[PDB]
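Have a look at the structure below, then the notes.
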Amino acid sequence: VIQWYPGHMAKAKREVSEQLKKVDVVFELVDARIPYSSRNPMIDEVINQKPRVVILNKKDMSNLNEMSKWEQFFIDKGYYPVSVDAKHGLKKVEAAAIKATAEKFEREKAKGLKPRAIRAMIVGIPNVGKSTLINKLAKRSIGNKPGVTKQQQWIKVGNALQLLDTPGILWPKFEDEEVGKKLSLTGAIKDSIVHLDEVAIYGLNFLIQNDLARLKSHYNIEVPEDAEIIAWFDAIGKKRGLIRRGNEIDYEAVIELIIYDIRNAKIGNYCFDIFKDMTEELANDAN
Ligand SMILES: Nc1nc2c(ncn2[C@@H]2O[C@H](COP(=O)(O)OP(=O)(O)OP(=O)(O)O)[C@@H](OP(=O)(O)OP(=O)(O)O)[C@H]2O)c(=O)[nH]1
């Protein structure tokens, strides 16, 4: 868990910008379940046209077809998108780094410089899998004594890649309520200010609209199509015995169950950033 406050934000921005001076290429790590909503809102200012691999992590928990639309979006921006499962295991990362830096190193070769390992770092919001990926790529878990301060080191990855063993951590998008719901549904933010009941309502409605049969079969429920959302809570709660004071619904328990099941991909593997539904937001952001 990370506590943002204005001071910490300024520090993070300054420190990451500084690490970026040290590298040839940046890996912007996003959640494949929300490849656009899991980005830091100032990421393009921080990265500042550094060659970029966008890594859509947790691909195992997302929808490939939707992911491919986001990959096209990143391609159109001049980035090199790849998807990975950092947990279950990623030789494609070194390959993407070589392509993203191809133009730079060709210009170096033309000016008569020797070849050298590519330097890279990973940047992204919290909980998207940065430390998981670094440890996997290092093939080992990355001061051990109290009060001893660890120094940032380079990790040799494959043949051509040197990877900074420390990620740059930036803050998530804060300003938009729908984005807040998306981040809570994926578990990027397990924190307050976004009411959990509204997160569960958002998640249920998403599933009703996009995977209704699977939602029903998962909880073994059948619900009238003209019922309001409360009926879904009541049905799940009834079927799972989440009741209190006789046969009233324990809504807190049902809410927590729905959220847990969506967060942990217990119902299905979804991408909650629906590209075709985000056309206006994208246009607003683009210029
Ligand atoms: N299915 C799947 N899970 C992934 C993947 N990458 C990471 N994870 C998991 O997502 C969680 C967050 O990973 P981190 O590496 O710690 O993310 P960071 O970006 O480094 O966060 P940070 O900056 O420190 O705040 C971890 O779960 P937990 O910490 O809860 O432990 P468990 O998986 O056992 O349940 C990872 O195990 C992936 O590609 N697929």
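The way I read the labels, and the way they are meant: chains A, B, ... in the order of the structure tokens, residue 1 as the first residue of every chain, and ligand 1 as the first ligand shown, with later ones counted on from there.
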
Per residue of range 159-275 of chain A within 12 Å of range 98-104 of chain A, what are the shortest atom pair and its distance in Å to one decimal, counting only C-alpha atoms, with rows by chain and residue number, as CSV?
```
residue,atom,partner,partner_atom,distance
A:159,CA,A:98,CA,10.7
A:160,CA,A:98,CA,7.7
A:161,CA,A:98,CA,8.3
A:162,CA,A:98,CA,11.5
```

Selected residues written out with N, CA, C and O atoms, as an mmCIF file, in the first residue's frame:
```cif
data_model
loop_
_atom_site.group_PDB
_atom_site.id
_atom_site.type_symbol
_atom_site.label_atom_id
_atom_site.label_comp_id
_atom_site.auth_asym_id
_atom_site.auth_seq_id
_atom_site.Cartn_x
_atom_site.Cartn_y
_atom_site.Cartn_z
ATOM 1 N N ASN A 159 20.572 -11.547 -23.501
ATOM 2 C CA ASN A 159 21.899 -11.179 -23.986
ATOM 3 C C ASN A 159 22.125 -9.678 -24.145
ATOM 4 O O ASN A 159 23.235 -9.188 -23.943
ATOM 5 N N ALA A 160 21.078 -8.943 -24.503
ATOM 6 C CA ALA A 160 21.259 -7.570 -24.952
ATOM 7 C C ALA A 160 20.700 -6.543 -23.974
ATOM 8 O O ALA A 160 20.796 -5.343 -24.230
ATOM 9 N N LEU A 161 20.134 -7.009 -22.862
ATOM 10 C CA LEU A 161 19.354 -6.142 -21.971
ATOM 11 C C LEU A 161 19.889 -6.011 -20.545
ATOM 12 O O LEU A 161 20.139 -7.007 -19.869
ATOM 13 N N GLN A 162 20.024 -4.771 -20.082
ATOM 14 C CA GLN A 162 20.322 -4.506 -18.679
ATOM 15 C C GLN A 162 19.128 -3.799 -18.037
ATOM 16 O O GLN A 162 18.756 -2.709 -18.453
#
```

Q: Compute the set of protein, DNA and RNA residues whose minimum atom distance to ligand 1 is at most 7 Å, using only C-alpha atoms and all ligand atoms, and state it as number ranges by chain.
A: A: 1-2, 57-61, 84-88, 124-133, 169

Write out, as a CSV table (one decimal), in the first residue's frame, the residues just selected, with N, CA, C and O atoms.
```csv
chain,number,residue,atom,x,y,z
A,1,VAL,N,0.8,-1.2,0.0
A,1,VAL,CA,0.0,0.0,0.0
A,1,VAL,C,0.9,1.3,0.0
A,1,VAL,O,1.8,1.4,0.7
A,2,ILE,N,0.5,2.2,-0.8
A,2,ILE,CA,1.2,3.5,-0.9
A,2,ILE,C,0.3,4.7,-0.7
A,2,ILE,O,-0.8,4.8,-1.3
A,57,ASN,N,0.4,-6.4,-18.7
A,57,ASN,CA,0.6,-7.6,-17.8
A,57,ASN,C,-0.8,-8.1,-17.3
A,57,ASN,O,-1.8,-7.5,-17.5
A,58,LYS,N,-0.7,-9.3,-16.7
A,58,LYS,CA,-1.9,-10.1,-16.2
A,58,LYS,C,-2.8,-10.4,-17.4
A,58,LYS,O,-4.0,-10.4,-17.4
A,59,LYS,N,-2.2,-10.8,-18.6
A,59,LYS,CA,-2.9,-11.1,-19.7
A,59,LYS,C,-3.8,-12.3,-19.5
A,59,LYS,O,-4.9,-12.5,-20.1
A,60,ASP,N,-3.4,-13.2,-18.5
A,60,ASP,CA,-4.2,-14.4,-18.1
A,60,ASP,C,-5.5,-14.0,-17.5
A,60,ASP,O,-6.4,-14.9,-17.5
A,61,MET,N,-5.7,-12.8,-17.0
A,61,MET,CA,-6.9,-12.4,-16.4
A,61,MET,C,-7.8,-11.5,-17.3
A,61,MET,O,-8.9,-11.0,-16.8
A,84,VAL,N,2.0,-10.0,-21.4
A,84,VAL,CA,2.6,-11.1,-20.7
A,84,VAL,C,1.8,-11.5,-19.4
A,84,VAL,O,1.0,-10.8,-19.0
A,85,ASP,N,2.1,-12.7,-19.0
A,85,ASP,CA,1.7,-13.1,-17.6
A,85,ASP,C,3.0,-13.2,-16.8
A,85,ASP,O,3.7,-14.2,-16.9
A,86,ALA,N,3.2,-12.2,-16.0
A,86,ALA,CA,4.5,-12.1,-15.2
A,86,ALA,C,4.5,-13.2,-14.1
A,86,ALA,O,5.6,-13.6,-13.7
A,87,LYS,N,3.4,-13.6,-13.7
A,87,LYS,CA,3.3,-14.5,-12.6
A,87,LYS,C,3.6,-15.9,-13.0
A,87,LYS,O,4.5,-16.6,-12.4
A,88,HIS,N,3.0,-16.4,-14.1
A,88,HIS,CA,3.1,-17.8,-14.6
A,88,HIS,C,4.1,-17.9,-15.7
A,88,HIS,O,4.4,-19.0,-16.1
A,124,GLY,N,5.2,2.3,-13.6
A,124,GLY,CA,3.8,2.1,-13.7
A,124,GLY,C,3.2,2.4,-12.4
A,124,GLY,O,3.9,2.7,-11.4
A,125,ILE,N,1.8,2.4,-12.3
A,125,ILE,CA,1.1,2.6,-11.0
A,125,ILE,C,1.3,1.3,-10.1
A,125,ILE,O,1.8,0.3,-10.6
A,126,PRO,N,0.9,1.5,-8.9
A,126,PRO,CA,1.1,0.3,-8.0
A,126,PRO,C,0.2,-0.8,-8.3
A,126,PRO,O,-0.9,-0.7,-8.9
A,127,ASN,N,0.6,-2.0,-7.9
A,127,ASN,CA,-0.1,-3.3,-8.0
A,127,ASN,C,-0.3,-3.8,-9.4
A,127,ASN,O,-1.0,-4.8,-9.6
A,128,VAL,N,0.4,-3.3,-10.4
A,128,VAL,CA,0.2,-3.8,-11.8
A,128,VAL,C,1.2,-5.0,-12.1
A,128,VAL,O,1.0,-5.6,-13.1
A,129,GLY,N,2.1,-5.2,-11.2
A,129,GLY,CA,3.0,-6.4,-11.4
A,129,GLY,C,4.4,-6.1,-11.7
A,129,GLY,O,5.1,-7.0,-12.2
A,130,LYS,N,4.9,-4.9,-11.4
A,130,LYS,CA,6.2,-4.5,-11.6
A,130,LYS,C,7.3,-5.4,-10.9
A,130,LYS,O,8.2,-5.8,-11.5
A,131,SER,N,7.1,-5.5,-9.6
A,131,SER,CA,8.1,-6.3,-8.9
A,131,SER,C,8.0,-7.8,-9.2
A,131,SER,O,9.1,-8.5,-9.3
A,132,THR,N,6.8,-8.3,-9.5
A,132,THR,CA,6.7,-9.6,-10.0
A,132,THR,C,7.5,-9.8,-11.3
A,132,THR,O,8.2,-10.8,-11.4
A,133,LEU,N,7.3,-8.9,-12.2
A,133,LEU,CA,8.0,-9.0,-13.5
A,133,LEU,C,9.5,-8.9,-13.3
A,133,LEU,O,10.3,-9.7,-13.9
A,169,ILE,N,7.7,4.1,-9.5
A,169,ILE,CA,6.2,4.0,-9.1
A,169,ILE,C,5.6,5.4,-9.2
A,169,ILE,O,6.0,6.3,-8.6
```

Name the residues of range 48-108 of chain A that come out as strand (DSSP E or B) in a backbone DSSP run; write them as a PDB file with C-alpha atoms, in the first residue's frame.
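Output saved as result.pdb:
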```pdb
ATOM      1  CA  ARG A  52       8.637   2.845 -25.030  1.00  0.00           C
ATOM      2  CA  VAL A  53       7.540  -0.761 -24.651  1.00  0.00           C
ATOM      3  CA  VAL A  54       4.014  -0.932 -23.172  1.00  0.00           C
ATOM      4  CA  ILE A  55       3.667  -4.215 -21.274  1.00  0.00           C
ATOM      5  CA  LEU A  56       0.085  -5.370 -20.812  1.00  0.00           C
ATOM      6  CA  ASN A  57       0.581  -7.564 -17.763  1.00  0.00           C
ATOM      7  CA  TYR A  80       5.772  -1.221 -28.850  1.00  0.00           C
ATOM      8  CA  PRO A  81       3.052  -3.131 -26.987  1.00  0.00           C
ATOM      9  CA  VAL A  82       3.488  -6.704 -25.701  1.00  0.00           C
ATOM     10  CA  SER A  83       1.329  -8.777 -23.351  1.00  0.00           C
TER      11      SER A  83
END
```

Q: Go ahead and compute the interatomic distance for CA of residue 237 in chain A and CA of residue 251 in chain A, in Å to one decimal.
A: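 One can read the CA of residue 237 in chain A to CA of residue 251 in chain A distance as 7.4 Å.
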
Q: Write out as number ranges by chain which residues come within 9 Å of residue 153 in chain A when counting only C-alpha atoms, dropping same-chain ones fewer than 4 positions away.
A: A: 163-166

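The gap separating CA of residue 12 in chain A from CA of residue 120 in chain A is 18.0 Å, in Å to one decimal.
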
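Shortest separation to residue 42 in chain A among A:214, A:8, A:173, A:263 occurs at residue A:173, atoms counted being only C-alpha atoms.
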
Q | Residue neighbourhood residue 91 in chain A, 9 Å, only C-alpha atoms, exclusion window fewer than 6 positions, as a list in words | A |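 So the residues in contact are residues 137, 157 and 158 of chain A.
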
Please save C-alpha atoms of the selected residues as a CSV table (one decimal), in the first residue's frame.
```csv
chain,number,residue,atom,x,y,z
A,137,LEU,CA,13.2,-11.6,-15.5
A,157,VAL,CA,18.4,-10.1,-18.9
A,158,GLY,CA,19.0,-12.3,-21.9
```
